[PDB]
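Consider the single chain below, provided in structure tokens and representing the form deposited in one PDB entry.
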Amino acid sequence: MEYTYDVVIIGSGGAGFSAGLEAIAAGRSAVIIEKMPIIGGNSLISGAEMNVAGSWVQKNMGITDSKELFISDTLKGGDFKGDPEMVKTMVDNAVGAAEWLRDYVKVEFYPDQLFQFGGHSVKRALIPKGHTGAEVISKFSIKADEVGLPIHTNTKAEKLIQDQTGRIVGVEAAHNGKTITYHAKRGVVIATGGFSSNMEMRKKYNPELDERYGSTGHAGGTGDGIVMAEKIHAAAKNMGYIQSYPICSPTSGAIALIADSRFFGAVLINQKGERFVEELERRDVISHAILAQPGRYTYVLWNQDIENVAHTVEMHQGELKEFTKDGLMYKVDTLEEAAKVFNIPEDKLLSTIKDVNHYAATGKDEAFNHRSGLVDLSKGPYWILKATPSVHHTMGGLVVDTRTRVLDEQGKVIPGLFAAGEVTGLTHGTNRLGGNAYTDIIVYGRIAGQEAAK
């Protein structure tokens, strides 16, 4: 079996959907091939918070921002190793990308809530309805069906087809045990995501991130797009720069979005019943703090008063059920019971919380200088969750220009080949800031579809 389209996109995350919608809108034929039985990749299970300087939400909330500050925050976040033009193009197109999600894809964002991730000087992360990528992928899917963009699931790209001039002209993929050839008349877009779930590739480029760590990502995040492109001499860079997320399941590796109560007053308690890090410190600081605690894990503790403002339990009920079944989370009436279920010393926990309650009343955290203010924890019920860092995002990957064209080992454009999203390696330097992956995947996914369709 063979198929022919103008634009063949590999991957059904935010980058691939953005490329596909743009290629169809340009009047070209296009397909997305997706190796899993379901669409959306890590973009689906993402928090999907998306940084934008100058958004309609910031305006509603009276928050001023600037592209210059977003650029400088981003470059500094990655230890000044990111490509400045890639960061500039991401920031310059972020407003348009978010307005396009709103107006064309019909993604609903809260009009009056934002997250401030570590390294950001102002609150700037837009929040999709539901606080996950479910809203984004479900709306992308509906729009794709409306506009006539086909998505072939259970179809794994295995080889790029390169003609005698060096142009990439198609993809060989596996489906139901057979090879299918996808001819691409105008371009191939690699939108395959990262390699957080490829243990051997992690260990090759960053030996510390071995079997001691889980992955927050889906099973399909295995680096296939880098491997396929390297076979035709695409360059890669920054492959050793791999980040973890601090608050993840010790059993499955999954992120704990339910623990976004950390942004609303939840406290981090170690096995000794003590507070050990400011709960809103920079992401890697929190991870390193947790790894310095007994057992290399933390507890996250909060109450109903926090849930009534944060809604992270209501929004992440699958996590509640799974973490509870795994013995990693408990809902308890009292602090005494919270200590009992996890063998935390009771007197130390109670003394810690007495201090928290005082700091909440005064607004002055005399132990860790919590930046936004603690909330009284004297009254339950409470959730307590056990968490540890897990591998989360691979900042390295393919070398592209700001037009998403993939470059070879001498910096020459490989005709017909584009790449966008976490598969690329030039935007985030040594360390991606929270909320900046979604900005990257939409901005560059759109550009890739536009360029491939030319």
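Each residue number is its position in the shown sequence, starting from 1.
If you look for the form deposited in another entry, you will not find it shown, but the lines that follow are about it.
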Worksheet entry | Point of rigid-part switching between this form and the one not shown, i.e. the hinge, among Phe323, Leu149, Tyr245, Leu349 | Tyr245
Practice prompt. Regarding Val356 and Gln116, go with closer or farther for their CA spacing in that other deposited form versus this form, the difference being 3 Å or more.
Written response: closer
Worksheet item: Relative to what is shown, are the Cα atoms of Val277 and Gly429 closer or farther apart in that other deposited form, where the gap shifts by 3 Å or more?
Response: closer
